[PDB]
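This report refers to the structure that appears directly beneath it.
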Amino acid sequence: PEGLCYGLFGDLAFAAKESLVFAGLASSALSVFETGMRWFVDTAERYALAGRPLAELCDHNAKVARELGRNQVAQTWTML
Amino acid sequence: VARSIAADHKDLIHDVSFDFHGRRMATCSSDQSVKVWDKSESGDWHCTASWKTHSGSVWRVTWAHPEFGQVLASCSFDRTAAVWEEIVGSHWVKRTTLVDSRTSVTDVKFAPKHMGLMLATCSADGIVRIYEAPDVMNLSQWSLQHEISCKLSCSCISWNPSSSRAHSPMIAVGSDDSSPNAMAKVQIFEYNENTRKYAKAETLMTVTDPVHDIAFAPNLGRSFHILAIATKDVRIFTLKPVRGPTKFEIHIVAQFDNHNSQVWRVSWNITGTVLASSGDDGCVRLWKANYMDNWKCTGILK
Amino acid sequence: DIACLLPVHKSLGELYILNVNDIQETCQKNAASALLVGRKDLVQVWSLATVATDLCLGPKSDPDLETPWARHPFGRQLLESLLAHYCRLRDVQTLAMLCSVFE
C-alpha cells in the first residue's frame, strides 16, 4: 500500500493508504517531506587546482575549507 | 516540514520515482494511469501529463538516464511492459511493448549507464529476463538476451550501481511465497565474462520470512557492497570480495524491529549513508551508522 | 668532549621551553630554536606539531557527532611513525618533548 523514494536535494516522497494515516480504503495521500549538500557545490565552485605553485594552492584551499566550518580538512591541507 | 499534493488519482498510489536531476517525479496508480509532475521556482508541483497506459493495475514505474532522452518504463498487470519516450514535443508516445511474459509482471528496473540501455523485468513464475537495445537512437527494437529461473515467486529486484571495472554486474532477486516450509528467499546472481551467462553466486539461508523490497547502496569509492532487505524487520548485510562465481564474506550488521509491524519499502540516498523504511503504522524512520559501524536511528517522520 | 657523537645536545636542552597553558607558543619558539641550532628535521617535526595540536580539533563528547581526530591517519599513526623513527636513533630528548606536548 505504500511507496517511497529519495531525492537529490534531500527531499523525500511518501504515499500511504488513507486507513494507515462505500469503503474508505480506495484512496491514498501523497506527501513530500522537505528535509543538505550545500557544502559540496559551494566548495566545488571555489577550489584552486592549477595555475599557481603548490604552496599558494594549499593555502587557498585551506582558507576555503576553513570559511565553511570543516577544520580537519583545513589542517590536512596545511599538513600537506 | 511536510508539504501536500493532491494527486487526483482514482485509486491507490503504488510507486513514486524521482528523476536523475531531482526536478521531476512520476507516479503510478491502480486506476491505470501515470502522471508526471514538474517543479517550478515557486516550489509547487504541477501535473504536466496524465495518460492511460495499460488495461490493468500498474505496479511500478522507473526512469531512464537523461543521456538517452526522457524515457520511462512501467510494469503493469496485463503480463506486459512498456517503454515511453517524449522527446516528441509535448506528449508521451509508446515506442515498444514487451509481450514475452506469461504471468503477472511485478517489477521493472533499468541498468547503469556503463552497460548500455538495458532492462530487467521479473515475473510471478520465477522467471527474470534481461533485454537490450542495440542502436540507442531506435527505441523500437529490443532483444531478449538472457533468461533466468529462480524457483520462487519474484517480488522485487535490484541492480548493483558500482562503476568500477573490478566488479562484475550483479542482480538480486527476492521471493514472497508463504509456504509452511523453510527455504531461502533472497538469491544473488553474477555474470561471468567467459561463459557469457548469469550464474548463481550466493544465497541468504538466514532469511525465511517473506521479503518485500530490496535495495543496494551507491558505492562512490567503497570496496565492498551493502544490501538492505525489507521483511517483518529491517536487515542490512555486507558482502566483501575475496582474493567461476566469486565468493564473498556475508555478515549481518542490523536487525531492527522498531516498526513493530511489516516493512513494505526501502530506499537509500544519493551518497549512500542514510536509509529510509516504511511500516504498517504509517511512519518513516531514517538510519545512519557511526564510526563503530553501529547503526543508530536519526528521525521518526509521520 | 665527545658530544657531537651523541643524539642529545646541551644547547637545545637549555633553550627549550615547555608551557602547559599555551601550546602554540611553546612549539613555534622551539621551532625557532631548532632552526637556530642547526638541525632541520626537528624544524619539520615541530611545525607538524604546531599544526596537529590546535584547539580547533577538540574532541566532542558524543560518538554520533563527528569522527575523532585520533583516527584520522594524520593523528595517531603519524605520532606512532615518528616515535618509531626516533626510537632507532635513541634520541630520548625529542621523545620526551613529543610525548609531553601531545598529552
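So you can find residues: chains in the C-alpha cells are A, B, ... in the order shown, residues in each start at 1, and ligands are numbered from 1 in order.
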
>> Report as a list in words all protein, DNA and RNA residues lying within 12 Å of residue 80 in chain A, evaluated on only C-alpha atoms, omitting residues in the same chain fewer than 2 positions from it.
In response: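 Returned residues: residues 54, 55, 56, 57, 58, 59, 61, 62, 73, 74, 75, 76, 77 and 78 of chain A; 47, 48, 51, 52 and 74 of chain C.
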
> Quick one: residues within 7 Å of residue 13 in chain A, only C-alpha atoms counted, chain neighbours fewer than 5 positions away excluded, as a list in words?
Replying inline: residues 4, 5, 6, 31, 32 and 33 of chain A

>> Neighbouring residues of range 18-21 of chain B were defined as those with any atom within 9 Å, considering only C-alpha atoms; residues of the same chain fewer than 3 positions away were excluded. Please report them as number ranges by chain.
In response: A: 5-8, 13; B: 24-26, 62-66

>> Select, as a count of residues only, those residues of chain C with any atom no more than 12 Å from chain A (distances computed using only C-alpha atoms).
In response: 27

> Near chain B, which residues of chain A fall within 10 Å when you count only C-alpha atoms, and what do they look like as number ranges by chain?
Replying inline: A: 1-21, 25-35

> What residues in chain B lie within 12 Å of chain C, counting only C-alpha atoms, written as a list in words?
Replying inline: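 Here is what falls inside 12 Å: residues 287, 288, 289, 290, 291, 292, 293, 294, 295, 296, 297 and 298 of chain B.
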
Could you save those same residues with N, CA, C and O atoms as a PDB file, in the first residue's frame?
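Okay, result_14.pdb is ready:
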ATOM      1  N   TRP B 287      18.005   5.811   9.173  1.00  0.00           N
ATOM      2  CA  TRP B 287      19.068   5.157   9.916  1.00  0.00           C
ATOM      3  C   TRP B 287      20.424   5.553   9.348  1.00  0.00           C
ATOM      4  O   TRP B 287      20.559   5.859   8.162  1.00  0.00           O
ATOM      5  N   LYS B 288      21.430   5.541  10.218  1.00  0.00           N
ATOM      6  CA  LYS B 288      22.768   6.016   9.896  1.00  0.00           C
ATOM      7  C   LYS B 288      23.753   5.344  10.838  1.00  0.00           C
ATOM      8  O   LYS B 288      23.393   4.999  11.965  1.00  0.00           O
ATOM      9  N   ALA B 289      24.988   5.158  10.378  1.00  0.00           N
ATOM     10  CA  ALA B 289      25.998   4.429  11.129  1.00  0.00           C
ATOM     11  C   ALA B 289      27.149   5.340  11.534  1.00  0.00           C
ATOM     12  O   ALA B 289      27.617   6.170  10.750  1.00  0.00           O
ATOM     13  N   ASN B 290      27.602   5.167  12.771  1.00  0.00           N
ATOM     14  CA  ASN B 290      28.731   5.906  13.316  1.00  0.00           C
ATOM     15  C   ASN B 290      30.035   5.225  12.914  1.00  0.00           C
ATOM     16  O   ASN B 290      30.059   4.319  12.076  1.00  0.00           O
ATOM     17  N   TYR B 291      31.142   5.654  13.511  1.00  0.00           N
ATOM     18  CA  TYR B 291      32.435   5.036  13.267  1.00  0.00           C
ATOM     19  C   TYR B 291      32.587   3.677  13.935  1.00  0.00           C
ATOM     20  O   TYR B 291      33.508   2.932  13.583  1.00  0.00           O
ATOM     21  N   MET B 292      31.722   3.334  14.882  1.00  0.00           N
ATOM     22  CA  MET B 292      31.704   1.996  15.454  1.00  0.00           C
ATOM     23  C   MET B 292      31.175   0.954  14.482  1.00  0.00           C
ATOM     24  O   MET B 292      31.178  -0.235  14.812  1.00  0.00           O
ATOM     25  N   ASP B 293      30.717   1.374  13.304  1.00  0.00           N
ATOM     26  CA  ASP B 293      29.907   0.532  12.430  1.00  0.00           C
ATOM     27  C   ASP B 293      28.652   0.057  13.157  1.00  0.00           C
ATOM     28  O   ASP B 293      28.212  -1.083  13.001  1.00  0.00           O
ATOM     29  N   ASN B 294      28.076   0.942  13.966  1.00  0.00           N
ATOM     30  CA  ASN B 294      26.826   0.688  14.670  1.00  0.00           C
ATOM     31  C   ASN B 294      25.771   1.647  14.148  1.00  0.00           C
ATOM     32  O   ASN B 294      25.996   2.861  14.107  1.00  0.00           O
ATOM     33  N   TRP B 295      24.623   1.105  13.761  1.00  0.00           N
ATOM     34  CA  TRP B 295      23.582   1.886  13.111  1.00  0.00           C
ATOM     35  C   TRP B 295      22.606   2.404  14.158  1.00  0.00           C
ATOM     36  O   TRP B 295      22.010   1.620  14.902  1.00  0.00           O
ATOM     37  N   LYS B 296      22.447   3.723  14.213  1.00  0.00           N
ATOM     38  CA  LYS B 296      21.566   4.373  15.168  1.00  0.00           C
ATOM     39  C   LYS B 296      20.535   5.204  14.423  1.00  0.00           C
ATOM     40  O   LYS B 296      20.859   5.871  13.437  1.00  0.00           O
ATOM     41  N   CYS B 297      19.293   5.160  14.896  1.00  0.00           N
ATOM     42  CA  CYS B 297      18.222   5.905  14.254  1.00  0.00           C
ATOM     43  C   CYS B 297      18.434   7.405  14.408  1.00  0.00           C
ATOM     44  O   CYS B 297      19.070   7.873  15.355  1.00  0.00           O
ATOM     45  N   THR B 298      17.890   8.164  13.454  1.00  0.00           N
ATOM     46  CA  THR B 298      18.063   9.609  13.435  1.00  0.00           C
ATOM     47  C   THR B 298      16.762  10.396  13.481  1.00  0.00           C
ATOM     48  O   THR B 298      16.755  11.499  14.035  1.00  0.00           O
TER      49      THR B 298
END

> Expressed in Å to a single decimal, how great is the separation between CA of residue 225 in chain B and CA of residue 174 in chain B?
Replying inline: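 Going from CA of residue 225 in chain B over to CA of residue 174 in chain B, I get 17.3 Å.
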
> When DSSP works through the backbone of this structure, what residues of range 65-264 of chain B end up as helix (DSSP H, G or I), shown as a list in words?
Replying inline: residues 66, 67, 68, 113, 114 and 115 of chain B

Using N, CA and C atoms, can you write the selected residues to a file as a short mmCIF file (atom, residue, chain, number, x, y, z; two decimals), in the first residue's frame?
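Here's the written file part.cif:
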data_model
loop_
_atom_site.label_atom_id
_atom_site.label_comp_id
_atom_site.auth_asym_id
_atom_site.auth_seq_id
_atom_site.Cartn_x
_atom_site.Cartn_y
_atom_site.Cartn_z
N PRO B 66 19.20 10.56 -18.44
CA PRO B 66 18.88 11.65 -19.38
C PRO B 66 19.72 11.64 -20.65
N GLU B 67 20.84 10.93 -20.67
CA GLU B 67 21.66 10.88 -21.88
C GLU B 67 20.95 10.18 -23.03
N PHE B 68 19.99 9.32 -22.74
CA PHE B 68 19.20 8.65 -23.77
C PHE B 68 17.86 9.34 -24.02
N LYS B 113 24.56 3.21 -16.52
CA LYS B 113 24.97 3.74 -17.82
C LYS B 113 25.96 2.82 -18.52
N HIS B 114 26.98 2.36 -17.80
CA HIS B 114 28.16 1.82 -18.45
C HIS B 114 27.91 0.50 -19.17
N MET B 115 26.73 -0.09 -18.99
CA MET B 115 26.38 -1.30 -19.71
C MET B 115 25.33 -1.07 -20.79
#

Residue contacts of range 10-22 of chain C (9 Å, only C-alpha atoms) excluding same-chain residues fewer than 5 positions away, as a PDB file with C-alpha atoms, in the first residue's frame:
ATOM      1  CA  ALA C   3      79.464  15.443  22.346  1.00  0.00           C
ATOM      2  CA  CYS C  27      56.074  24.933  19.721  1.00  0.00           C
ATOM      3  CA  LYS C  29      59.550  29.128  19.819  1.00  0.00           C
ATOM      4  CA  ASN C  30      61.022  25.622  19.906  1.00  0.00           C
ATOM      5  CA  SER C  33      65.372  27.340  18.454  1.00  0.00           C
ATOM      6  CA  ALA C  34      65.777  24.180  16.370  1.00  0.00           C
ATOM      7  CA  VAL C  37      70.981  25.343  16.474  1.00  0.00           C
ATOM      8  CA  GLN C  93      65.423  14.247  24.075  1.00  0.00           C
ATOM      9  CA  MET C  97      59.052  16.632  24.439  1.00  0.00           C
ATOM     10  CA  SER C 100      54.536  15.539  26.585  1.00  0.00           C
ATOM     11  CA  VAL C 101      53.142  18.146  24.178  1.00  0.00           C
TER      12      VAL C 101
END

> Excluding same-chain residues fewer than 4 positions from residue 42 in chain A, what lies within 12 Å of it counting only C-alpha atoms, as a list in words?
Replying inline: residues 36, 37, 38, 46, 47, 64, 65, 67 and 68 of chain A

Okay, now the selection with N, CA and C atoms, as an mmCIF file, in the first residue's frame?
data_model
loop_
_atom_site.group_PDB
_atom_site.id
_atom_site.type_symbol
_atom_site.label_atom_id
_atom_site.label_comp_id
_atom_site.auth_asym_id
_atom_site.auth_seq_id
_atom_site.Cartn_x
_atom_site.Cartn_y
_atom_site.Cartn_z
ATOM 1 N N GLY A 36 21.498 18.156 3.772
ATOM 2 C CA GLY A 36 21.923 19.239 2.905
ATOM 3 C C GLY A 36 23.260 18.979 2.241
ATOM 4 N N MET A 37 23.353 19.300 0.952
ATOM 5 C CA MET A 37 24.566 19.077 0.178
ATOM 6 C C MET A 37 25.181 20.396 -0.275
ATOM 7 N N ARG A 38 24.785 21.499 0.360
ATOM 8 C CA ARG A 38 25.320 22.809 0.016
ATOM 9 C C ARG A 38 26.801 22.943 0.334
ATOM 10 N N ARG A 46 34.684 26.894 -5.582
ATOM 11 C CA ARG A 46 35.912 27.603 -5.208
ATOM 12 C C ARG A 46 36.974 26.597 -4.740
ATOM 13 N N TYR A 47 37.761 26.119 -5.699
ATOM 14 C CA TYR A 47 38.975 25.368 -5.418
ATOM 15 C C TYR A 47 40.012 25.758 -6.456
ATOM 16 N N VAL A 64 39.628 28.221 2.070
ATOM 17 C CA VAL A 64 38.298 27.899 1.559
ATOM 18 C C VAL A 64 37.609 26.892 2.468
ATOM 19 N N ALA A 65 38.339 25.855 2.879
ATOM 20 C CA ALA A 65 37.755 24.861 3.771
ATOM 21 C C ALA A 65 37.450 25.459 5.135
ATOM 22 N N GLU A 67 36.565 28.591 5.913
ATOM 23 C CA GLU A 67 35.441 29.520 5.947
ATOM 24 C C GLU A 67 34.086 28.822 5.930
ATOM 25 N N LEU A 68 34.075 27.488 5.940
ATOM 26 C CA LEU A 68 32.839 26.725 5.882
ATOM 27 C C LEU A 68 32.557 25.903 7.129
#

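Going from CA of residue 152 in chain B to CA of residue 127 in chain B covers 8.6 Å.
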
> So what do you get for CA of residue 81 in chain B versus CA of residue 48 in chain B, distance-wise?
Replying inline: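 If I compute the distance from CA of residue 81 in chain B to CA of residue 48 in chain B, I get 22.5 Å.
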